[PDB]
file model35.cif (mmCIF, C-alpha atoms)
data_entry
#
loop_
_atom_site.label_atom_id
_atom_site.label_comp_id
_atom_site.auth_asym_id
_atom_site.auth_seq_id
_atom_site.Cartn_x
_atom_site.Cartn_y
_atom_site.Cartn_z
CA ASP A 1 -1.13 -17.15 6.31
CA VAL A 2 -1.68 -13.32 6.27
CA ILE A 3 -4.84 -11.45 5.28
CA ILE A 4 -3.07 -8.21 4.13
CA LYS A 5 -4.62 -4.76 4.99
CA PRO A 6 -4.13 -1.06 4.08
CA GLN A 7 -2.34 1.53 6.32
CA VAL A 8 -5.19 4.11 5.61
CA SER A 9 -8.87 4.23 4.46
CA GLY A 10 -10.30 5.35 1.06
CA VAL A 11 -10.48 3.44 -2.09
CA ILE A 12 -8.19 1.35 -4.36
CA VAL A 13 -6.40 3.10 -7.32
CA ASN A 14 -3.94 0.44 -8.64
CA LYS A 15 -3.07 -3.29 -8.35
CA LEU A 16 0.71 -3.75 -8.44
CA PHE A 17 0.69 -7.47 -7.56
CA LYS A 18 -1.17 -10.34 -9.35
CA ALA A 19 -3.83 -12.77 -8.08
CA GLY A 20 -2.08 -16.18 -7.70
CA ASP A 21 1.57 -15.04 -8.40
CA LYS A 22 4.58 -14.59 -5.99
CA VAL A 23 5.84 -11.62 -3.89
CA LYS A 24 9.27 -10.35 -2.71
CA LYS A 25 10.10 -9.52 0.98
CA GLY A 26 7.73 -6.49 0.83
CA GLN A 27 6.83 -5.86 -2.84
CA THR A 28 4.23 -3.06 -3.36
CA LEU A 29 0.70 -4.50 -3.77
CA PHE A 30 -1.86 -1.60 -3.92
CA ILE A 31 -2.41 2.17 -4.18
CA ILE A 32 -5.23 4.08 -2.37
CA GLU A 33 -6.79 7.53 -2.61
CA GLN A 34 -7.78 9.07 0.79
CA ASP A 35 -11.36 9.78 -0.58
CA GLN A 36 -12.72 12.71 1.58
CA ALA A 37 -10.32 12.95 4.57
CA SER A 38 -8.13 15.18 2.32
CA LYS A 39 -11.15 17.14 0.90
CA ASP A 40 -10.26 20.39 2.79
CA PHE A 41 -6.47 19.87 2.19
CA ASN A 42 -6.43 18.89 -1.55
CA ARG A 43 -7.72 22.11 -3.12
CA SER A 44 -4.75 24.50 -2.59
CA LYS A 45 -2.17 22.09 -4.17
CA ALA A 46 -4.69 20.98 -6.87
CA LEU A 47 -5.01 24.66 -7.97
CA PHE A 48 -1.44 25.82 -7.63
CA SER A 49 0.41 25.30 -4.26
CA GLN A 50 2.06 22.07 -5.59
CA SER A 51 4.74 24.20 -7.32
CA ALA A 52 6.19 25.73 -4.07
CA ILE A 53 8.67 24.52 -1.34
CA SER A 54 6.93 25.82 1.88
CA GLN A 55 6.07 22.95 4.32
CA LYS A 56 2.23 23.43 4.07
CA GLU A 57 2.02 24.10 0.27
CA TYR A 58 4.60 21.51 -1.02
CA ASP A 59 2.42 18.45 -0.09
CA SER A 60 2.17 17.11 -3.72
CA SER A 61 5.86 16.07 -3.21
CA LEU A 62 4.84 14.17 0.01
CA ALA A 63 1.46 12.51 -0.92
CA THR A 64 0.67 13.54 -4.58
CA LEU A 65 -3.17 13.74 -5.17
CA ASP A 66 -3.74 12.28 -1.68
CA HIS A 67 -2.46 8.73 -2.31
CA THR A 68 -0.97 5.98 -0.07
CA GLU A 69 0.83 2.74 -1.10
CA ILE A 70 0.43 -0.78 0.43
CA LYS A 71 3.13 -3.55 0.51
CA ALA A 72 3.64 -7.23 1.46
CA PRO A 73 5.18 -8.32 4.82
CA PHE A 74 7.50 -11.11 3.51
CA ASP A 75 8.54 -13.42 0.59
CA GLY A 76 5.88 -15.90 -0.58
CA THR A 77 2.81 -16.64 -2.73
CA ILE A 78 -0.30 -14.45 -2.87
CA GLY A 79 -3.96 -15.47 -3.23
CA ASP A 80 -6.97 -14.19 -5.18
CA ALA A 81 -7.35 -10.42 -4.75
CA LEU A 82 -10.39 -9.38 -2.63
CA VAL A 83 -10.50 -5.77 -4.09
CA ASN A 84 -10.38 -3.67 -7.29
CA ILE A 85 -10.00 -0.01 -8.37
CA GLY A 86 -13.09 1.65 -6.80
CA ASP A 87 -13.70 -0.87 -3.99
CA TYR A 88 -14.14 1.21 -0.84
CA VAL A 89 -11.38 0.01 1.52
CA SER A 90 -10.67 0.78 5.20
CA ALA A 91 -7.63 0.18 7.46
CA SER A 92 -8.69 -3.10 9.08
CA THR A 93 -12.28 -3.37 7.72
CA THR A 94 -12.18 -4.59 4.05
CA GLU A 95 -9.27 -7.03 3.53
CA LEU A 96 -7.24 -6.77 0.31
CA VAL A 97 -5.84 -10.33 -0.33
CA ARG A 98 -3.93 -13.11 1.55
CA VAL A 99 -0.08 -13.52 1.60
CA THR A 100 1.33 -17.02 2.20
CA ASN A 101 5.04 -17.89 2.59
CA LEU A 102 6.57 -20.69 0.41
CA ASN A 103 8.91 -22.05 3.18
CA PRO A 104 9.81 -20.64 6.70
CA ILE A 105 13.58 -20.71 6.00
CA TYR A 106 13.19 -17.42 4.04
CA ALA A 107 12.78 -15.53 7.41
CA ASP A 108 14.46 -17.59 10.22
CA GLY A 109 16.19 -20.62 8.52
CA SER A 110 19.75 -20.29 9.99
CA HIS A 111 21.36 -16.80 9.39
CA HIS A 112 18.40 -14.69 8.07
CA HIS A 113 18.66 -12.21 11.04
CA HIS A 114 20.57 -10.02 8.46
CA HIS A 115 18.00 -10.75 5.62
CA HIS A 116 14.65 -10.11 7.47
#
call {"tool": "encode", "arguments": {"input": "model35.cif", "output": "structure tokens"}}
result
Amino acid sequence: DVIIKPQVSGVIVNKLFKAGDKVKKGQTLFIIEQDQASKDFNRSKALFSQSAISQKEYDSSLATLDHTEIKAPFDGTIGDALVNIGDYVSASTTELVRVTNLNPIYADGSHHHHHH
């Protein structure tokens, strides 16, 4: 149904999900590193600024070593992964895997307006 995609560009770092298994209503699927967008911004915290609390130094508490996580939309099954750790991925350009719901009742069956 879906062809899932990352909220940023960079490169894959981890594979939380499994090719051919199931997914919860938004289980975490991938991790990315922001490659060279962060190249000017990484160095201060990588040396030392990570230890502080000031809003421009403290960024290791907000994004670690320049990572972003990716998650499913809804409950279902999930296809063969299209990517691995080191595949260069981009926000609509590379496509990570497909997500495919088991039945449609798990989002709008009768009362699911307080479940979805």
call {"tool": "axis_aligned_box", "arguments": {"input": "model35.cif", "around": "segment 98-106 of chain A", "padding_each_side": "4 Å", "output": "AutoDock Vina command-line options"}}
result
--center_x 4.8 --center_y -17.6 --center_z 3.6 --size_x 25.5 --size_y 16.9 --size_z 14.3
call {"tool": "resolve_selection", "arguments": {"input": "model35.cif", "expression": "the PyMOL selection byres ((chain A and resi 30-39) around 12)", "output": "PyMOL selection string"}}
result
chain A and resi 4-18+26-29+40-46+59+63-72+81-91+95-97
call {"tool": "closest_residue", "arguments": {"input": "model35.cif", "among": "A:115, A:49, A:92, A:2", "to": "residue 61 of chain A", "atoms": "only C-alpha atoms"}}
result
A:49
call {"tool": "atom_distance", "arguments": {"input": "model35.cif", "atom1": "atom CA of residue 24 of chain A", "atom2": "atom CA of residue 110 of chain A"}}
result
19.2 Å
call {"tool": "atom_distance", "arguments": {"input": "model35.cif", "atom1": "atom CA of residue 3 of chain A", "atom2": "atom CA of residue 79 of chain A"}}
result
9.5 Å
call {"tool": "atom_distance", "arguments": {"input": "model35.cif", "atom1": "atom CA of residue 75 of chain A", "atom2": "atom CA of residue 98 of chain A"}}
result
12.5 Å
call {"tool": "resolve_selection", "arguments": {"input": "model35.cif", "expression": "the PyMOL selection byres ((chain A and resi 103) around 12)", "output": "ChimeraX atom specification"}}
result
/A:1,74-77,100-102,104-109
call {"tool": "build_atoms", "arguments": {"input": "model35.cif", "residues": "segment 53-72 of chain A", "atoms": "N, CA and C atoms", "output": "PDB file, in the frame of the given file"}}
result
ATOM      1  N   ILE A  53       7.729  25.255  -2.218  1.00  0.00           N
ATOM      2  CA  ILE A  53       8.670  24.520  -1.340  1.00  0.00           C
ATOM      3  C   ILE A  53       8.274  24.629   0.144  1.00  0.00           C
ATOM      4  N   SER A  54       7.441  25.612   0.516  1.00  0.00           N
ATOM      5  CA  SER A  54       6.930  25.820   1.880  1.00  0.00           C
ATOM      6  C   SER A  54       6.188  24.587   2.419  1.00  0.00           C
ATOM      7  N   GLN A  55       6.466  24.218   3.671  1.00  0.00           N
ATOM      8  CA  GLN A  55       6.070  22.950   4.320  1.00  0.00           C
ATOM      9  C   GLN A  55       4.562  22.641   4.409  1.00  0.00           C
ATOM     10  N   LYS A  56       3.697  23.582   4.026  1.00  0.00           N
ATOM     11  CA  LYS A  56       2.230  23.430   4.070  1.00  0.00           C
ATOM     12  C   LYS A  56       1.593  23.523   2.674  1.00  0.00           C
ATOM     13  N   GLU A  57       2.368  23.982   1.687  1.00  0.00           N
ATOM     14  CA  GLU A  57       2.020  24.100   0.270  1.00  0.00           C
ATOM     15  C   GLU A  57       2.569  22.917  -0.570  1.00  0.00           C
ATOM     16  N   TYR A  58       3.805  22.494  -0.280  1.00  0.00           N
ATOM     17  CA  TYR A  58       4.600  21.510  -1.020  1.00  0.00           C
ATOM     18  C   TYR A  58       4.089  20.047  -1.021  1.00  0.00           C
ATOM     19  N   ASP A  59       2.925  19.788  -0.421  1.00  0.00           N
ATOM     20  CA  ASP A  59       2.420  18.450  -0.090  1.00  0.00           C
ATOM     21  C   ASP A  59       2.226  17.488  -1.287  1.00  0.00           C
ATOM     22  N   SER A  60       2.125  17.980  -2.525  1.00  0.00           N
ATOM     23  CA  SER A  60       2.170  17.110  -3.720  1.00  0.00           C
ATOM     24  C   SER A  60       3.472  16.305  -3.838  1.00  0.00           C
ATOM     25  N   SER A  61       4.589  16.809  -3.301  1.00  0.00           N
ATOM     26  CA  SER A  61       5.860  16.070  -3.210  1.00  0.00           C
ATOM     27  C   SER A  61       5.872  14.986  -2.115  1.00  0.00           C
ATOM     28  N   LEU A  62       4.930  15.049  -1.162  1.00  0.00           N
ATOM     29  CA  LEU A  62       4.840  14.170   0.010  1.00  0.00           C
ATOM     30  C   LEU A  62       3.752  13.084  -0.148  1.00  0.00           C
ATOM     31  N   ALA A  63       2.632  13.389  -0.818  1.00  0.00           N
ATOM     32  CA  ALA A  63       1.460  12.510  -0.920  1.00  0.00           C
ATOM     33  C   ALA A  63       0.724  12.563  -2.277  1.00  0.00           C
ATOM     34  N   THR A  64       1.283  13.264  -3.264  1.00  0.00           N
ATOM     35  CA  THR A  64       0.670  13.540  -4.580  1.00  0.00           C
ATOM     36  C   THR A  64      -0.794  14.000  -4.442  1.00  0.00           C
ATOM     37  N   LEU A  65      -1.717  13.536  -5.289  1.00  0.00           N
ATOM     38  CA  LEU A  65      -3.170  13.740  -5.170  1.00  0.00           C
ATOM     39  C   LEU A  65      -3.778  12.805  -4.106  1.00  0.00           C
ATOM     40  N   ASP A  66      -3.228  12.898  -2.894  1.00  0.00           N
ATOM     41  CA  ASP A  66      -3.740  12.280  -1.680  1.00  0.00           C
ATOM     42  C   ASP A  66      -3.761  10.751  -1.718  1.00  0.00           C
ATOM     43  N   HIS A  67      -2.646  10.170  -2.182  1.00  0.00           N
ATOM     44  CA  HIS A  67      -2.460   8.730  -2.310  1.00  0.00           C
ATOM     45  C   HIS A  67      -1.633   8.105  -1.172  1.00  0.00           C
ATOM     46  N   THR A  68      -1.813   6.800  -0.951  1.00  0.00           N
ATOM     47  CA  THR A  68      -0.970   5.980  -0.070  1.00  0.00           C
ATOM     48  C   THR A  68      -0.747   4.605  -0.692  1.00  0.00           C
ATOM     49  N   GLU A  69       0.456   4.052  -0.547  1.00  0.00           N
ATOM     50  CA  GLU A  69       0.830   2.740  -1.100  1.00  0.00           C
ATOM     51  C   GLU A  69       0.782   1.641  -0.015  1.00  0.00           C
ATOM     52  N   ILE A  70       0.562   0.395  -0.435  1.00  0.00           N
ATOM     53  CA  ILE A  70       0.430  -0.780   0.430  1.00  0.00           C
ATOM     54  C   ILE A  70       1.383  -1.862  -0.070  1.00  0.00           C
ATOM     55  N   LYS A  71       2.065  -2.576   0.827  1.00  0.00           N
ATOM     56  CA  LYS A  71       3.130  -3.550   0.510  1.00  0.00           C
ATOM     57  C   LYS A  71       3.008  -4.841   1.320  1.00  0.00           C
ATOM     58  N   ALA A  72       3.557  -5.933   0.780  1.00  0.00           N
ATOM     59  CA  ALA A  72       3.640  -7.230   1.460  1.00  0.00           C
ATOM     60  C   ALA A  72       4.455  -7.163   2.766  1.00  0.00           C
TER      61      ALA A  72
END
